[PDB]
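Below is one structure, written out as structure tokens, with a few remarks after it.
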Amino acid sequence: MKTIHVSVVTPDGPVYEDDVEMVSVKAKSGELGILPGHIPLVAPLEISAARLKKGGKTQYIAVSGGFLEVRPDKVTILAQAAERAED
Amino acid sequence: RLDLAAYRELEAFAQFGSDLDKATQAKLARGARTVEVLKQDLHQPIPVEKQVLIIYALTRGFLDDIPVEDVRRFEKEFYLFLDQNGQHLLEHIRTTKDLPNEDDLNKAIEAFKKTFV
Amino acid sequence: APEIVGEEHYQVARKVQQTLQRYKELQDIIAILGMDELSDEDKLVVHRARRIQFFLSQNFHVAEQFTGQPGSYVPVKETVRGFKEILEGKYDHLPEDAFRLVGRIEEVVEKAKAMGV
Amino acid sequence: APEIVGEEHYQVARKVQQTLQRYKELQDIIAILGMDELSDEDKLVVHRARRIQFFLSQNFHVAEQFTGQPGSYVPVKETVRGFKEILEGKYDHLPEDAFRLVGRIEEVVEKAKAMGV
Amino acid sequence: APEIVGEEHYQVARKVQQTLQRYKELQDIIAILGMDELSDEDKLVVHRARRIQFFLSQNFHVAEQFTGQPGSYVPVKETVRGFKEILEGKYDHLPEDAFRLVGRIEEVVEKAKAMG
Amino acid sequence: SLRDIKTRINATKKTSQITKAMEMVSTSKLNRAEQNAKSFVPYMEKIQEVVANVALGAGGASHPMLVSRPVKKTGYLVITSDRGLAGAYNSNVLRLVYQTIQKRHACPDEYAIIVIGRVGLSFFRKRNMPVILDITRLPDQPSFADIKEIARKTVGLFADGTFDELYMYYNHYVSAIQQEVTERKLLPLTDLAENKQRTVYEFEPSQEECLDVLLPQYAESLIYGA
């Protein structure tokens, strides 16, 4: 299996640094899925949550208007506000 | 004496409480209560043993839960509670001129707090 | 000398003196730093100290050649009532100049009315 | 005051004294906090009072033996003229050092030009 | 200053005074910011200045009635020596507490060796 | 007289103690503020990289914000504090703005003012300067969440056409002693820093739909950094 480092960043500071194995977002074109080694891709996001899978276990992070920036080795979320599900 | 001196040197910072570190906030909180307990009413003397007991309650941290406006009333009610059931402590102070056993003293103070409002 | 005044009058008299003592300390701070920094917390003290100090003045019967007015005679009940009202904030809205050279607090209310409040 | 100066020269002399009096009133607060807390119209008073205060000084003939600078004799009309222009603001841009130890107001202009303004 | 000490001992004493003066200025900033911000740059000054401030104290003969310490008499050339070493950083590895209420510099080494 | 000197001494001691506490608390607030600016850095870097890529690396002058247009009126964004007791901090910025707009505007309708903090607002109410948007307390933390709305409004005012160029005037921090006044052009984005690096870029929307959401956020982020 393959891991990709996911970063949720806000103007206030960080919000999530980890290397989960999946990640489902709700982008402008529709729902997008990301695997490690994905070709570079930038895409805006609307108000939704980003689902992060690690070992089958799922993680939710609320995102208030972000932008996805994908690299094969690293994925960056640039959200103007983002809180974890339990936060 | 230490608490009063620290409070006096910190007085000017009190106006800015929201911004201070927790150590300075603790010092200011202790100083306000110390000044409250040192107040007294004209022509009302206190026995030395009651003075020592209330000062012990202040300096040992038991009084830093109460609002600075309840400190006087707390002291009065504590004296009545002592009259009722701290006779062994009062007698020990009178006889030995020394502090009573710390564990029994702490139990008495906590017991009084269990009935303060 | 606490007894006679002691219940009603002594609490009002000491609260007036405490307010006027704080305003003296403020007056040197007030000028430079103080009118901005004081403007929230301490301006509540200053706003009442200005009015308490203007209300402590009075118009005398024998001072008509100096004031253009006849004098007034205020009984202690009315005095103690009026100063308790001002300390409770029942008159914070009236202009400070209405408090000057009057007798009863009703006269302050009437003077503000005449000023156009 | 009264006669000689009383029309032309009296207006200039009183404007100079009024400006130096207001600067002297501000100097107390200028000592603690500088010029950063003044009102923008009270900052102009400082700006022109510095110029007036420096232009009141002069180079004497007898002081040449201290300093190689030769002295100057200035007529009353020129004195009144120069102080009138400074009070109007004709030279508010020159560095204040151009005003020190000169005669006529033209020497201030030439001195600032020499200084490189 | 002038005569006696002015060659050797005046150079040592001037360095001690300059070090303790620097530490007093630092004492205001040290409390909040300086606990972190001094901790690299100024810790070189503060770590040595606190060791100098502790080494200036001493065990007095007359103090033996307050605490069981015999007390010591320290010659002028030994105190000049010890302070020169501390200013050179020979003894920085030793805890500050080892320098407290002692005689010659050697007893600092012994106290540190005894406490670990 | 002796009594007057004694009173002056007491007054002077009282004020010195208060200015000393106000110094120490400002020293604390400076340290927290600098850390807060460093906190913001990764996001500011990521958005700038992506914007450089998308606009300059991949495409061209296709969005209104990237395109110079003849100036019908320019807006001035100036950041000042809400209370006094800072030396020249506000007067410097207000002086620079006043002088510049005086030397490059002849008639009032040529310009508008968007200001932050009471001191600048009052400096403009004096005179009759045309101040269009304002805000005050920004409780310096403003949780940043409060300043989102002033930033969107200024960008939208440019977008609807009421501005052709937008500027920002504020003090820039160098150290405790040196704070340098600074003017930067906020719009159009006429000068974008290049970087070469890019990843696999996606196209759920087009280039234009990506820009329509990207550029306003980049401008709002420049305002928050200032």
Say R0 is 25 Å: what FRET efficiency, to the nearest 0.05, do F:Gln48 and F:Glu180 get from their beta-carbon distance?
0.70
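I'd like the mean, over residues of F:134-144, of how many other protein chain beta carbons sit within 10 Å of each residue's own Cβ.
Working: counts 0, 0, 0, 0, 0, 0, 0, 1, 0, 2, 5.
Mean shielding by partner chains, rounded to a whole number: 1.
Relative contact order of the stretch F:68-226, please, whole-number percent, based on alpha carbon pairs below 8 angstrom and at least 6 residues apart. Before the final figure, lay out each step's value.
Working: 202 pairs, mean separation 42.1, N = 159.
Dividing the mean separation by the residue count of the stretch F:68-226 yields 26 percent.
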Can you put B:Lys50, F:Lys20 in order of Cβ neighbours within 10 angstrom, beginning with the fewest?
F:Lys20, B:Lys50
Given a cut-off of 30 Å, name the pairs among A:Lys54/F:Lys46; A:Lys26/A:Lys57; E:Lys84/F:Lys29; B:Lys39/B:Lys97 whose C-alpha atoms lie farther apart than that in the structure shown.
E:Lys84/F:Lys29
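Can you give the helix-only mean residue ellipticity at 222 nm for chain F, where every DSSP H stretch with n ≥ 4 adds -39500 (n - 2.57) and the sum goes over all residues, rounded to the nearest 500 deg cm²/dmol?
-15500 deg cm²/dmol
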Near D:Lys90, which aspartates and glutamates are there with a Cα under 20 Å away, not counting those fewer than 8 places off in the same chain?
D:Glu8, D:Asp40, D:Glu41, D:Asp42, D:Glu78, D:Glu106, D:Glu107, D:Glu110
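Could you order peptides F:141-150, F:83-92 by the average number of other Cβ atoms within 10 Å of their residues, highest first? Show your work: numbers first, answer last.
Working: F:141-150: 14.5, F:83-92: 16.2.
The most tightly packed comes first, giving F:83-92, F:141-150.
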Cβ charges +1 (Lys, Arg) and -1 (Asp, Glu), total dipole of the protein assembly as shown, debye
1120 debye
Express the relative contact order of the stretch B:1-84 as a whole percentage, based on alpha carbon pairs under 8 Å and six or more residues apart in sequence.
30 percent
Partner chain Cβ atoms within 10 Å, averaged over the residues of A:35-43 - can you pull that number for me?
5
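Would you mind giving the mean number of other chain beta-carbons within 10 Å of the Cβ of each residue in F:35-44, as a whole number?
On the way: counts 1, 2, 0, 1, 5, 5, 2, 8, 12, 3.
Averaged over the peptide's residues, the number is 4.
Take peptides C:63-69, D:33-39 and line them up by average Cβ neighbours within 10 Å, highest first, as a rough protection proxy.
On the way: C:63-69: 10.7, D:33-39: 14.0.
Top of the packing list down: D:33-39, C:63-69.
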Between 0 and 90 degrees, rounded to the nearest ten: what's the tilt of helix F:207-225 against the longest Cα principal axis of chain F?
10 degrees
Between 0 and 90°, nearest 10: helix F:89-103 axis offset from chain F longest Cα axis:
50 degrees
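If you rank F:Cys107, F:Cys210 by fewest surrounding Cβ atoms within 10 Å, what's the result?
On the way: F:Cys107 6, F:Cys210 25.
So the residues, fewest neighbours to most, are F:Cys107, F:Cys210.
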Less than 20 Å apart at the alpha-carbon level, and either on another chain or at least 8 residues along: which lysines does that give for F:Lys13?
C:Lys24
Packing rank of C:22-32, D:87-97, F:110-120, where each peptide gets the mean count of other beta carbons within 10 Å, highest leading
F:110-120, C:22-32, D:87-97
Once the stretch B:1-79 is represented by equal point scatterers at the alpha-carbon sites, with solvent omitted, what log10 I(q)/I(0) does the Debye formula produce at q = 0.23, 0.24 Å⁻¹?
-1.11, -1.18
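Around C:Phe55, under 13 Å between beta carbons, what's the net of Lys plus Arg minus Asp minus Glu among the other residues?
Details: positive: C:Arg48, C:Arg50, C:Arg51, C:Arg81, C:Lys84, C:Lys90, C:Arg100, C:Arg104, C:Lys111; negative: C:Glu78, C:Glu85, C:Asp92, C:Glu96, C:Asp97, C:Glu106, C:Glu107.
Summing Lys and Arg as +1 and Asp and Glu as -1 gives +2.
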Only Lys, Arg, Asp and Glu count, each charged at its Cβ (+1, +1, -1, -1), so figure out the dipole size of the stretch E:11-116 about its Cα centre, rounded to 20 debye.
480 debye
With Cα coordinates, the longest principal axis of chain B makes an angle with the long axis of helix B:48-59, in degrees rounded to 10, of 40 degrees
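So what is the relative contact order of chain E, in percent, for Cα pairs below 8 Å that sit 6 or more residues apart? Write down the numbers at each step before the final one.
Values: 95 pairs, mean separation 30.0, N = 116.
So the answer I get is 26 percent.
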Show which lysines lie in cross-link reach of B:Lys114 when reach means a straight Cα distance below 16 angstrom and same-chain residues fewer than eight apart are skipped.
B:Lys76
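Every residue, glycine among them, receives a Cβ derived from its backbone with ideal geometry; neighbour counts consider all protein chains shown. Values in this text are rule-based calculations from the coordinates and carry no lab data.
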